[PDB]
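# Architecture at a glance
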Amino acid sequence: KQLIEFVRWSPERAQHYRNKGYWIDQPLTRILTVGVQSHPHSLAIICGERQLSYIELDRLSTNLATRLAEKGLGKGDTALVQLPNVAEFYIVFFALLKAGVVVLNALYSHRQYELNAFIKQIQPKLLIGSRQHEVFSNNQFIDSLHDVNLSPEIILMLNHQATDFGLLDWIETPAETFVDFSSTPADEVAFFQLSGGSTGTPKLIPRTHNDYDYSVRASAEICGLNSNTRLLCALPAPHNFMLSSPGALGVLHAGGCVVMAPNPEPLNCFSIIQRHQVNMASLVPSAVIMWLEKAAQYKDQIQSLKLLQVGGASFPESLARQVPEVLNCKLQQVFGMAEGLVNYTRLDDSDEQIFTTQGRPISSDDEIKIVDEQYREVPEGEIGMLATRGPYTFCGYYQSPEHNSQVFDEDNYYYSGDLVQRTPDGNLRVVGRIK
Ligand SMILES: Nc1ncnc2c1ncn2[C@@H]1O[C@H](COS(=O)(=O)NC(=O)c2cccc(O)c2O)[C@@H](O)[C@H]1O
Ligand SMILES: [Ca+2]
Ligand SMILES: [Ca+2]
């Protein structure tokens, strides 16, 4: 009965964000429902040989949701999902969104240590993972859970064993008895994002349907997504950048197709790009340099590529200028954070803007302060700490009133710890970090 707790925006702000049409009060599933009504047979996912259409994606994720409700998981429950870059990730994500189950999506690279702490924190009634992952190689982690009574009622395994509840069987066939389910309401938590800004253990970021959906819709527009967009998805699927900036979700919103890739390794990606005439990709700087090393020898395989976003870590101008000359596609720079705020260079910005800056916020209403060691705004152009609040920036980590009071100010701006400067045209330049 009790929905997951989070820190809310003020009602003044809630109202403003509905008034400007940012918050339209639909569930994240809107992406899918709308997609089914316009183009049920367009490709939504390409994963090696497989092709999932929008209605295939809608049907399969309905199956699993009915199947989970049958076992009485729904509004109030939480779930821990750990899945590699395969179509099942999205099927599952939609399933839980439809079910009303608030999900935390673990990175596949996360090991016992992190999975344990997430479990302790959100106490899932559902766990989903892969028998091919070192942690579910055998049973030591699962049995371990029994001994602290953090055992999930239900556990699904991809690449399951015979005595496992297989994920694929739960996706493939709908439940015998019909139980009722819906999404969490739109101004309540849809799921948990994770910070990359953390010492060791990632802090949990509640995101609501309203704020996430808005970030996705607005991002699709800033990047000019449309139904011909075919977006390579080589970064970890649950990462905010890859999910929503504009991400799988952005592409789904625009009626395009996501193209799966296990990781960002060049030869494998280059030839996934070739096979599916991928026209859009998203990478972090260390992966950009790998592609840069092999692109001249494979000019032919990667021509179809029209846009590459780079975000996630400092990106020297030196390398930025190489993207168009070497990768043969437009560059867009992205500076975002799981916590909220995302900045894009625009497609109509100048050469210099795009090579030397990390763009400007999604929303005219992303409010921004750049401040000095004593919390005063700095002179324009100077370097200070970024502080921000907006229509899609969280208002606290899950169940951490102590850390929250350290990283928010009286007026509810959030402090990322990034050192920025505003440029004379209006974009941001990420210059550093501070504790
Ligand atoms: N373009 C950038 N240049 C320099 N630093 C960056 C940049 N982008 C992110 N960072 C650092 O990474 C931190 C954010 O870490 S996260 O993992 O939460 N998210 C992302 O990384 C993320 C990147 C691009 C688009 C997105 O939507 C994202 O969510 C920021 O506080 C920055 O310190
Ligand atoms: Ca199909
Ligand atoms: Ca090209």
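What counts as what
Residues numbered from 1 in each chain as written, not as in the entry; some residues may be left out. Chains lettered and ligands numbered in written order. Heavy atoms only, no water. Residues with missing side-chain atoms left out of burial classes, pairs and counts. Axes fitted to C-alpha atoms, helices over the stretch in contact; angles between N-to-C directions. Helix = DSSP H or I, 4+ residues; strand = E, 2+ residues; numbered from the N terminus. Parallel < 35°, antiparallel > 145°, perpendicular 65-115°, else oblique. Left-handed = near helix turned anticlockwise from the far one by under 90°. Contact = heavy atoms within 4.5 Å. Nonpolar A, V, L, I, M, F, W, Y, C, P; charged D, E, K, R; others polar. Buried < 20%, exposed > 50% of the residue type's maximum accessible area, 1.4 Å probe, protein only. Pairing = 2+ DSSP bridges. Right-handed = clockwise from strand over helix to strand, strands pointing away. Arc of directions from axis to C-beta. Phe/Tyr/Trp six-rings, centres within 6.5 Å; stacked < 30°, edge-to-face > 60°. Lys NZ or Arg CZ within 6 Å of the ring centre and 35° of its normal. Donors = N, O, S within 2.8 Å, 3.2 Å for Na, K, Ca; no water.

Per the PDB record, the structure was determined using X-ray crystallography to 2.70 Å resolution.

### A short note on the packing of helix α2 (residues 30-38) against helix α3 (residues 54-70)
Contact geometry of α2 with α3 gives a least axis separation of 8 Å together with a crossing angle of 135°. The angle between the axes of α2 and α3 places the two elements in the oblique class. Read as a crossing pair, α2 and α3 show a hand that is left-handed. The segment α2 lies against α3, with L32, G35 and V36 engaging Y54, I55, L57, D58 and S61. Partitioned by chemical class, the residues of the contact of α2 with α3 number 5 nonpolar, 2 polar and 1 charged.

### Some points on the pairing of strand β3 (residues 78-82)
A large share of β3 lies buried, amounting to 5 of its 5 residues. Neither face of β3 is open: one carries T78, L80 and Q82, the other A79 and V81, and all of them are buried. Taken together, the 5 bridges between β3 and strand β4 (residues 102-106) define a ladder with parallel strand orientation. Bridge assignment links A79 to a residue of β4, and that residue is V103. Since β3 and β4 lie parallel, the crossover through helix α4 (residues 88-99) that links them has a hand, and here it is right-handed. As paired strands, β3 and strand β5 (residues 126-130) are joined by 3 bridges and run parallel to one another. Following the sheet pairing, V81 is matched in β5 by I128.

### Details of the environment of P379
Tracing the sequence through the fold places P379 in the loop between β17 (367-371) and β18 (384-389). Placed 119 residues apart in sequence, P379 and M260 show a C-alpha to C-alpha distance of 45 Å.

### A few points about unusual backbone geometry
Going from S245 to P246, the amide bond is cis rather than trans, its omega being -5°. Among the secondary structure elements, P246 is positioned in the loop between α9 (240-244) and α10 (247-253). Its identity is not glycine, yet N149 carries a phi of approximately 50°, on the positive side. By the element assignment, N149 lies in the loop between α6 (140-146) and β6 (154-158). The backbone of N412 sits at a positive phi, close to 70°, despite the residue not being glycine. The residue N412 is located in the loop between α17 (401-407) and β19 (414-422) in this model.

### Description of helix α12 (residues 285-294)
Taken residue by residue, α12 has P285, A287, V288, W291 and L292 as its buried positions. The buried residues of α12 occupy an angular sector of 155° when the element is viewed end-on, so they sit on one face. Facing away from the buried side of α12 by more than 90 degrees, the exposed set consists of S286 and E293. Where α12 is buried, its residues contact β10 (230-233), α11 (266-276), β12 (280-283), β13 (307-311), α14 (317-320) and α15 (322-327).

### With respect to the sheet that holds strand β8 (residues 189-194)
An order of β7-β6-β5-β3-β4-β8-β9 is seen for the 7 strands of this open sheet, with the pairing classed as mixed. Both edges of this open sheet fall to β7 (165-166) and β9 (204-208), since each of them pairs with a single strand only. Across the sheet, α4 is in contact with β3, β4, β5, β6 and β8; its angle to β4 comes to roughly 155°. On the sheet, helix α5 (residues 112-122) packs against β3, β4, β8 and β9 and is oriented at approximately 165° with respect to β3.

### Details of the packing of aromatic side chains
Within a pair of aromatic rings, the relevant descriptors are the distance that separates the centres and the angle that separates the planes. By the definition in use, this model includes 20 aromatic pairs. Aromatic side chains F408 and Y414 sit 5.5 Å apart centroid to centroid with 45° between the ring planes, which places their arrangement in the tilted category. Judged on exposure class, the residue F408 and its partner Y414 are both buried. The ring of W170 has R67 sitting right over it, with the charged end atom 4.5 Å from the ring centre.

### Here's the deal with the packing of α3 against α4
At their nearest, the axes of α3 and α4 sit 8 Å apart, and the two run at 55° to each other. When the interaxial angle is binned, α3 and α4 end up oblique. With respect to the hand of their crossing, α3 and α4 are arranged in right-handed fashion. Residues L57, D58, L60, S61, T62, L64, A65 and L68 of α3 lie in contact with α4, whose contacting residues are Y90, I91, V92, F94, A95, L96, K98 and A99.

### Observations concerning the coordination of the calcium ion (ligand 3)
Coordination of the calcium ion (ligand 3) by the protein is provided by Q303 (O), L305 (O) and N328 (O), with metal-donor distances spanning 2.3 to 2.5 Å. Here the donor residues for the calcium ion (ligand 3) map to a single chain with the spacing Q-x1-L-x22-N. With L305 in the loop between α13 (299-302) and β13 and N328 in the loop between α15 and β14 (330-337), this pair connects stretches of sequence that are 23 residues apart. Look at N328 and you get partly exposed, because its relative accessible area is 41%.

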